[PDB]
J.: 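Mind looking over this structure? Questions follow.
Per chain, numbering begins at 1; letters A, B, ... match sequence-line order. FYI, side chains are in, hydrogens and waters are out, and symmetry mates aren't considered; it's all heavy atoms of this structure.
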Amino acid sequence: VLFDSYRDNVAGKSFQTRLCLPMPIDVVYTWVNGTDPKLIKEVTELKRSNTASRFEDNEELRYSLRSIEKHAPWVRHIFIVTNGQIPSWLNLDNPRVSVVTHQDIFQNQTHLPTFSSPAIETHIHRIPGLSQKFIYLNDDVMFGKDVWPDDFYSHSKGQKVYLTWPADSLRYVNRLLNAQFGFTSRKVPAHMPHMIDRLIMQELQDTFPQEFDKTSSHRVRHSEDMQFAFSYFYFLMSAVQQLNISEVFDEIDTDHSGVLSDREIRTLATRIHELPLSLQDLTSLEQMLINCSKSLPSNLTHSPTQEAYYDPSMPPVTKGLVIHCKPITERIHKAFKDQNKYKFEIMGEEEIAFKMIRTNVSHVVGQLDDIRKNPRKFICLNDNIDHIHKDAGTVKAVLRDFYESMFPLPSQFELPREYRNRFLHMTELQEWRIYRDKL
Amino acid sequence: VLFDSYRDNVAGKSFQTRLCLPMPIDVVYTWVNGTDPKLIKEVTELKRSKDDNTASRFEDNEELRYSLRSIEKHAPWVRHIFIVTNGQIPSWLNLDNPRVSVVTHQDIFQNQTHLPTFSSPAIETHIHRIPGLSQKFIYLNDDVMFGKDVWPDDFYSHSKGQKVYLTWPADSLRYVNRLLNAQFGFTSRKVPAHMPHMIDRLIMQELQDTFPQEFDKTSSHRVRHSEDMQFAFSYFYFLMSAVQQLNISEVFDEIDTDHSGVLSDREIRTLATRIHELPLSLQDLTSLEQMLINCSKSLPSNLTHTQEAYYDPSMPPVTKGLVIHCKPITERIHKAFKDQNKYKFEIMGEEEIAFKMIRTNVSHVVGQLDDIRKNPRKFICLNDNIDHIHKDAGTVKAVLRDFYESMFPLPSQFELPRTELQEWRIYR
Ligand SMILES: *[C@@H]1O[C@H](CO)[C@@H](O[C@@H]2O[C@H](CO)[C@@H](O[C@@H]3O[C@H](CO[C@H]4O[C@H](CO)[C@@H](O)[C@H](O)[C@@H]4O)[C@@H](O)[C@H](O[C@H]4O[C@H](CO)[C@@H](O)[C@H](O)[C@@H]4O)[C@@H]3O)[C@H](O)[C@H]2NC(C)=O)[C@H](O)[C@H]1NC(C)=O
Ligand SMILES: *[C@@H]1O[C@H](CO)[C@@H](O[C@@H]2O[C@H](CO)[C@@H](O[C@@H]3O[C@H](CO)[C@@H](O)[C@H](O)[C@@H]3O)[C@H](O)[C@H]2NC(C)=O)[C@H](O)[C@H]1NC(C)=O
Ligand SMILES: CC(=O)N[C@H]1[C@@H](OP(=O)(O)OP(=O)(O)OC[C@H]2O[C@@H](n3ccc(=O)[nH]c3=O)[C@H](O)[C@@H]2O)O[C@H](CO)[C@@H](O)[C@@H]1O
Ligand SMILES: CC(=O)N[C@H]1[C@@H](OP(=O)(O)OP(=O)(O)OC[C@H]2O[C@@H](n3ccc(=O)[nH]c3=O)[C@H](O)[C@@H]2O)O[C@H](CO)[C@@H](O)[C@@H]1O
Ligand SMILES: *[C@@H]1O[C@H](CO[C@@H]2O[C@@H](C)[C@@H](O)[C@@H](O)[C@@H]2O)[C@@H](O[C@@H]2O[C@H](CO)[C@@H](O)[C@H](O)[C@H]2NC(C)=O)[C@H](O)[C@H]1NC(C)=O
Ligand SMILES: *[C@@H]1O[C@H](CO[C@@H]2O[C@@H](C)[C@@H](O)[C@@H](O)[C@@H]2O)[C@@H](O[C@@H]2O[C@H](CO)[C@@H](O)[C@H](O)[C@H]2NC(C)=O)[C@H](O)[C@H]1NC(C)=O
Ligand SMILES: *[C@@H]1O[C@H](CO[C@@H]2O[C@@H](C)[C@@H](O)[C@@H](O)[C@@H]2O)[C@@H](O)[C@H](O)[C@H]1NC(C)=O
Ligand SMILES: *[C@@H]1O[C@H](CO)[C@@H](O)[C@H](O)[C@H]1NC(C)=O
Ligand SMILES: *[C@@H]1O[C@H](CO)[C@@H](O)[C@H](O)[C@H]1NC(C)=O
Ligand SMILES: *[C@@H]1O[C@H](CO)[C@@H](O)[C@H](O)[C@H]1NC(C)=O
Ligand SMILES: *[C@@H]1O[C@H](CO)[C@@H](O)[C@H](O)[C@H]1NC(C)=O
Ligand SMILES: [Ca+2]
Ligand SMILES: [Ca+2]
Ligand SMILES: [Mg+2]
Ligand SMILES: [Mg+2]
Ligand SMILES: [Mg+2]
Ligand SMILES: [Mg+2]
């Protein structure tokens, strides 16, 4: 049915890969339980040699998974990157979710245990089995309306880039980018889910290998870290492809004969000269070709078909002749310059709802009611709460109420409420499984 | 395999129809051959019994031949090509190729008394009736072609609907503009680009059921008329103007996030923010509650229909029936979301359209086509404004052919198997 249907066109050839969005698409999370005693002691020793808001969990991951089930049902697999911690409610019997530890993705184990989200984020593209294009969600980011892959990518325009107006980390990265790509004024990607291409990310990190190693080596956040989204999206937007002159030729050689006719030459002429095209512009190009055929070796200039030229001195204008004629290829490189290696589409921030949650209750109710009234595709409720403040518990309740109003149905990734995982850490679970199944 | 791949997701359900562009997509051309001596005689007689319909209306300058070559090169995903004519067939058309067919005016016109016709607007009122035509099809005038690779997303996306290519700005439009202003309210409108037009057959019929008199009148004009429903202008402004009323039942379902059929206090609050300006006052919430309470006592028990535990013990189970038939609530919902667009659409610029009016000054035509040579465009229209009696008209036709051959020199699957002094003056 569908195999035949996609070949049912004048070309008799399938274009499904261009007519359909790229699949599969996995999701990657990072999650941490700040209440874990092993973490608190290990963090304590490190500092002895980062407030509770960085590691605190308001059940954000639980409800974000509910939002995927409701608003992104097309996701293939969900990877939850942790330091070894396991959420008590996570249903590990569901093959659609798995836990990935820092040990599994970090390259230098000396960087662990870590407590720096930038360091972790340098390695999440290394997850074995990860789809080439995946979407990274912070645990406190979730979907507020139905989303589809074209909210992140299209074949015609590439990845969407959601930029916003603005950090010492940006100065450091801006300096790197200025030196690599020249200067540009750079806005900041929104606090939202980010689609990442594993190959582009690796190409980026191969460009700045020492910097990403440095960022990974920082066990706490640091001013000279490679900002995950900022680094990726500006590498994607700034990577340059060098003009392929042989491909310029094949475009002009519309009968695929290997030789440029007079009418094909005119098109080349119009593309290295300002319009209107003068007779001097045209004859100059012709003279360049004739001078080049004489000067160049006959081996490089290389009759299946017979081309007749207005100028009886014009030799067969072959690809070889054009490739190695510097006067022409210079004007070509001058007339077309700086081709982006990747396509991308700048987006506004209309579909992002980013809220800094503090402890002023009246204000928090107002922020969440704005999302109730005005649904948004991308929601980020960032923790800036002060728990010592008396109104802290009230705020936490208002948040739970908002979350429950949007996503009241438990997901296939939640254990039943009466059950919980026996072990809080992956190493303990690995040991129990081996003891049980032992002979 | 691929079948297995589209269910490989957390829902275990296939979303192929949303993840893939809509297919199939056919192409429709109209074509006329003005050199046909029977056509010439008939047109002359029609004019006399009644200028504005010169040879430029009907002259084949090889446009169709080269446009078909541009489909083979730039739109290989098209399923079928229908060529609509008055019975004429290009001598070179390979009808043994099942990917192309000829459709006559007789096959699609409703009133046969309107034929024979010589009016493109009249013909265009019926091309959506082609038997077997894909629901979404792309209509090309013969003098329109593709100049770069195009894909269906150049015309339509699931997320944003049909693309509408508008240009800063005729008597025909004044007539349609008045009709639209009366139907939808007054607005100043821009004109769609001269380009291939994607048309949805169901929306076209809905449009023609909204102005049945005017489309029958357009169909009945055997030559172009000041009071024609201009094809693209009528279609795209109907698409952008049709309004739909909000479906309260669907609002309720979005609010009822646990799908329990009853609105909890938590879900009611969301409803309250949607019909009120923030910040939300206690009075806003209580008044909404009182409307439901007032509505429950008043509505028939048959309409009102784990039990819900409400803050106010007086609250009834807020069922869909209670909300839908509560006039004070439904009217306040409609006041808060009024005149929703019935169709999705995306406004586009004219960066990808190259529209050239071809006259009889050879050097100026060369300049116009050089701009396309240098600056490729997805959509090209070379419009006939040639004085075909002029001596230089033959030279201009040769300039066009030379330009056409520089872009598409390869005969297409739709063509049947099988100057220097003019070059000097045009170019040297
Ligand atoms: C738009 O409309 C116009 C007008 O209706 C069409 O013009 C006709 O085009 C056809 C071609 O399809 C013409 O027919 C051809 O004429 C050529 C010249 O004929 C003269 O010389 C021959 C002797 O060689 C005499 O017999 C003849 O009477 C003329 O004095 C012929 O050389 C062609 O012959 C070839 O085609 C035939 C038919 O298939 C073969 O059998 C032959 O073996 C040979 O291969 C052919 O006869 C016709 O004269 C034109 N009519 C008019 C009134 O001008 C356009 O074709 C049409 N455009 C499109 C795109 O369809
Ligand atoms: C985040 O980490 C905290 C701390 O590890 C988790 O809370 C802890 O949950 C465990 C359950 O395995 C509690 O241990 C249990 O205690 C009871 C009573 O003492 C005992 O009967 C059990 O045998 C078991 O030892 C532990 O007390 C509790 N600690 C705190 C501070 O609450 C929490 O569940 C983690 N969150 C997530 C989402 O995983
Ligand atoms: C949406 C967004 O743009 N978020 C960015 C923001 O996060 P932000 O500054 O909001 O910091 P968060 O507290 O949300 O932590 C970032 C992410 O890292 C996870 N985490 C954090 C600490 C830890 O030890 N383990 C762990 O897994 C958190 O669960 C969260 O998923 O600034 C960080 C610093 O540049 C970036 O890394 C985050 O990408
Ligand atoms: C690209 C575009 O927006 N074109 C519009 C423009 O075209 P325009 O004014 O340029 O009209 P054209 O002369 O190109 O004719 C339009 C189409 O009708 C065909 N034709 C014409 C006469 C005839 O007797 N038989 C026949 O089949 C021509 O082949 C051509 O395919 O204004 C016309 C008048 O509103 C509209 O109808 C055309 O849709
Ligand atoms: C893997 O990392 C170790 C450790 O690097 C140091 O410790 C990190 C936590 C962080 O603070 C880094 O900036 C540190 O450099 C590397 O071994 C270190 O190598 C440097 C340079 O030779 C030396 O000065 C340190 O003393 C070394 N530290 C230790 C503990 O050996 C090691 O080279 C890294 N592996 C690779 C392949 O590069
Ligand atoms: C189909 O059309 C005929 C007549 O169309 C006429 O010719 C066209 C070219 C154009 O000039 C039209 O304006 C003409 O009307 C309809 O028959 C006409 O009906 C009206 C009112 O019933 C009458 O005033 C005319 O004299 C009639 N003309 C003729 C020639 O019969 C006919 O009703 C149409 N068919 C349908 C189903 O509506
Ligand atoms: C709710 O109803 C209150 C009472 O209205 C009076 O009594 C009821 C039983 C009906 O018969 C009605 O026609 C009478 O006028 C009103 O005072 C109150 O304003 C109403 N509130 C809302 C929000 O509708
Ligand atoms: C340039 O394109 C040709 C195809 O026309 C390809 O064979 C060649 O490898 C390309 N060169 C580079 C450097 O990419
Ligand atoms: C909460 O924030 C609003 C807006 O900034 C302010 O007017 C109000 O006084 C604040 N309330 C408290 C208790 O801080
Ligand atoms: C309103 O929505 C319901 C489903 O929620 C649907 O069954 C019904 O047909 C819709 N009504 C109209 C008039 O579209
Ligand atoms: C064509 O137009 C140019 C103006 O650009 C003019 O100089 C020239 O004389 C015109 N040629 C004819 C034949 O009218
Ligand atoms: Ca060639
Ligand atoms: Ca409910
Ligand atoms: Mg947090
Ligand atoms: Mg955060
Ligand atoms: Mg024409
Ligand atoms: Mg035209």
Side-chain angles (χ1 to χ4, degrees), chain A residues 9-13 250-267 303-310 316-318, chain B residues 27-39 58-76 78-104 140-147 369 373 380 382 384 386 388 393-423 426:
Chain A
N9 51 53
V10 303
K13 158 187 179 112
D250 292 332
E251 292 172 359
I252 303 296
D253 178 44
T254 47
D255 63 1
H256 317 309
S257 73
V259 169
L260 299 189
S261 64
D262 274 333
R263 63 167 57 86
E264 292 168 342
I265 288 170
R266 185 176 193 83
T267 295
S303 60
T305 68
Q306 296 74 0
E307 215 72 67
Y309 294 101
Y310 174 82
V317 178
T318 60
Chain B
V27 160
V28 175
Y29 285 101
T30 49
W31 184 75
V32 61
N33 179 5
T35 301
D36 177 331
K38 294 266 185 302
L39 182 151
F58 316 108
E59 190 77 6
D60 172 28
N61 306 291
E62 305 299 315
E63 299 97 332
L64 178 68
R65 184 206 298 274
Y66 287 106
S67 187
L68 287 171
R69 298 184 182 190
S70 87
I71 285 176
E72 176 163 303
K73 176 166 185 182
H74 291 315
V78 170
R79 178 184 68 172
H80 187 82
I81 297 167
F82 303 90
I83 302 178
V84 175
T85 79
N86 67 8
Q88 290 172 329
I89 299 169
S91 59
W92 47 256
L93 185 65
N94 181 9
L95 287 176
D96 291 331
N97 189 335
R99 292 280 168 197
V100 68
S101 54
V102 171
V103 182
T104 65
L140 283 84
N141 288 200
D142 67 326
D143 59 26
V144 171
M145 67 182 185
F146 299 112
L369 304 176
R373 287 179 188 260
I380 292 160
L382 307 185
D384 188 331
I386 303 167
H388 286 288
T395 310
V396 170
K397 288 161 79 88
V399 166
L400 285 166
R401 271 181 258 110
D402 192 64
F403 168 80
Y404 281 138
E405 282 285 321
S406 80
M407 292 188 76
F408 308 111
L410 304 176
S412 78
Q413 66 183 274
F414 310 105
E415 288 170 70
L416 284 164
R418 275 198 174 276
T419 303
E420 182 167 56
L421 295 172
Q422 206 170 43
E423 170 174 36
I426 297 169

J.: What salt bridge (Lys or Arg N to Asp or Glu O under 4.0 Å) pairs are there with at least one residue in residues 82-101 of chain B, not counting sequence neighbours?
T.: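 Passing the test, one end in residues 82-101 of chain B: A/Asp8-B/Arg99.
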J.: Give a yes or no on whether the ring-centroid distance for B/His74 and B/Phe408 is below 6.0 angstrom.
T.: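 Yes, the ring centres sit under 6.0 Å apart.
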J.: Restricting to side-chain hydrogen bond (donor to acceptor under 3.5 Å, both in side chains), what partner residues turn up for B/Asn97, sequence neighbours left out?
T.: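 By the side-chain hydrogen bond (donor to acceptor under 3.5 Å, both in side chains) rule, B/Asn97 matches B/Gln413.
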J.: If you compare all heavy atoms of B/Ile386 against all heavy atoms of B/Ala393, which two are closest, and at what distance to 0.1 Å?
T.: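 Between these two residues, the closest heavy atoms are CG2-CB, 3.8 Å.
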J.: Hey, are A/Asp255 and B/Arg69 close enough for a salt bridge, meaning a charged N less than 4.0 Å from a carboxylate O?
T.: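 No.
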J.: Dump the intermediate steps for side-chain contact (heavy atoms from CB on, under 4.5 Å) on B/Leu64 and B/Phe414, then the final yes or no.
T.: CA-CA 11 Å; B/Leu64 178 68; B/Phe414 310 105; over 6 Å; no
J.: From B/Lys38 NZ over to B/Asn33 CG, what is the distance, rounded to the nearest 0.5 angstrom?
T.: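 So the NZ of B/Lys38 and the CG of B/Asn33 are separated by 13.0 Å.
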J.: Please give me the minimum heavy-atom distance between B/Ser406 and A/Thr254, naming the atom from each residue.
T.: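 Closest approach of B/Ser406 to A/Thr254: O-OG1, 2.8 Å.
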J.: Would you say B/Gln88 and B/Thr85 are linked by a side-chain donor-acceptor pair, where the criterion is simply a distance under 3.5 Å?
T.: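 Not at all, the side chains of B/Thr85 and B/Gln88 share no donor-acceptor pair under 3.5 Å.
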J.: Specify the closest pair of heavy atoms between B/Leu93 and B/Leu416, including all atoms of both residues, with the distance to one decimal.
T.: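 Closest approach of B/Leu93 to B/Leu416, heavy atoms only: O-CD1, 3.7 Å.
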J.: Out of curiosity, B/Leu400 CG to B/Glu63 CD, how far, rounded to the nearest 0.5 Å?
T.: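 Separation between the atoms: 7.5 Å.
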J.: Which heavy-atom pair separates B/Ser67 from B/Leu140 by the least distance, and what is that distance?
T.: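 Closest heavy-atom pair between B/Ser67 and B/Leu140: OG-CD2, 3.7 Å.
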